[PDB]
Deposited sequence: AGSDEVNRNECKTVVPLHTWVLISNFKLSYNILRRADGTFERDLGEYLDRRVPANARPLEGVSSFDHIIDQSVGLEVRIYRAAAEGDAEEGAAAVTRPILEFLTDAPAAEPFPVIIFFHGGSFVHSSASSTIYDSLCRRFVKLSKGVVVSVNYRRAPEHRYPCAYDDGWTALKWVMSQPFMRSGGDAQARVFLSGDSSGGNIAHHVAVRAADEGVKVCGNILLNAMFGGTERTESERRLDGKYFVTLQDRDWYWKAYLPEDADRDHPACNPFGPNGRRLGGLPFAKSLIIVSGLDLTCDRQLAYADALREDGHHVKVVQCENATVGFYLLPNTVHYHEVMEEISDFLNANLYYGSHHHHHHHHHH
């Protein structure tokens, strides 16, 4: 059973998003922006956390929201003691939501309380207007920006202790940014993936079994992939299916340790677990948290055991991977 408040909240998204996707693959963008629930940044702490909006790349208008316990502070000296910086990529299937979306503002606030660190939430460019690889470009831009701020740095070796994190499409983005980091010898302390979004041309058992049962449909999954991938591409494109027929194994790369959180009632759970399996197979460290009773979005409402469990696993993983 889905708790009633989760059911109501996620259904509200499901039904609204139904009217925004057009049959021709275009999107009701102005209406989507108008209907999204969002909050401003606020320098004044709410429950001990403050937030600040900042453009980090003027060429593409790329903005982030920075959260910390409580503008000029970015200049501040590297902290004596280590702290995590979590670079967060919101969900919404490459198409929806924003760093200002209340569900994500609230999650980032909770991440700061939980990590005693800093959260940088990236307003990546969205599909269908901006297709592959724009969102990945923006996450790489954000990683490099974070690494270069004195404030973000900490510990003996005064460096940014960066974790890449995201749910849904943002978890996909986190992965691809992490791969690029490993290719370029940029150190990432860990990836935190919540229901990371992956796909492929064939359906898995979970996809066929859970289709339409828990807010998500294959029609809509196919729609979002079509919206993000190049016009001539299919779901076996490596952005979508990083270890499928057109994929690339990651053996030998200095790849991040991964905490991989999977909802058992997310119809794509099979792919997330096979993703984890492939990382392990490539010699990388993976911790998988399977939340068998959880639907998509469970980490958004503090109303299930899985919610509490996962916040604790996140805290443990951060602590374990900081020093």
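Stretches with no C-alpha atoms in the model, relative to the deposited sequence starting at 1: Deposited residues absent from the model fall in 1-13, 84-99, 353-365.
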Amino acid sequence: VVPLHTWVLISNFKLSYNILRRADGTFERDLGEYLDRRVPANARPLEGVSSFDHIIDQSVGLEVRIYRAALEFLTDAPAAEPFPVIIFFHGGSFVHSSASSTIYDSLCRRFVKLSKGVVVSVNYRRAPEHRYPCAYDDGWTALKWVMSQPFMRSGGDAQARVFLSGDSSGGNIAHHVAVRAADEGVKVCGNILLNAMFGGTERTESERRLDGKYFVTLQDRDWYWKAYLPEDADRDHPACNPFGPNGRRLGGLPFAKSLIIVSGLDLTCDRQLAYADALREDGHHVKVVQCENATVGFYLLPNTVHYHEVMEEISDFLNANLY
From here on, numbers count along this sequence of modelled residues.
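Between 311-319 and 6-14 (mean CA B-factor, as deposited), the higher: Per the PDB entry, the higher value belongs to 311-319.
Average Cα temperature factor in the PDB entry - higher stretch of 77-85, 120-128: Taking the mean C-alpha B-factor of 120-128 and of 77-85, the larger value falls to 77-85.
Top Cα B factor in the deposited entry, candidates 258, 295, 26, 50: Among 258, 295, 26, 50, the highest C-alpha B-factor in the entry belongs to 50.
From 266, 30, 36, 57, residue of greatest CA B-factor: In the PDB entry, the greatest C-alpha B-factor among 266, 30, 36, 57 is found at 57.
Third of chain Cα B-factors occupied by residue 92: According to the entry, residue 92 has a C-alpha B-factor in the chain's lowest third.
Lowest, middle or highest third - CA B-factor, residue 244: It belongs to the highest third of the chain when residues are ordered by C-alpha B-factor.
Third of chain Cα B-factors occupied by residue 219: CA B-factor rank for residue 219: middle third.
Chain third (lowest, middle, highest) by recorded CA B-factor, residue given as residue 136: It belongs to the middle third of the chain when residues are ordered by C-alpha B-factor.
Residue 236 - Cα temperature factor, lowest/middle/highest third of chain: Within its chain, residue 236 is a middle-third residue by C-alpha B-factor, going by the deposited values.
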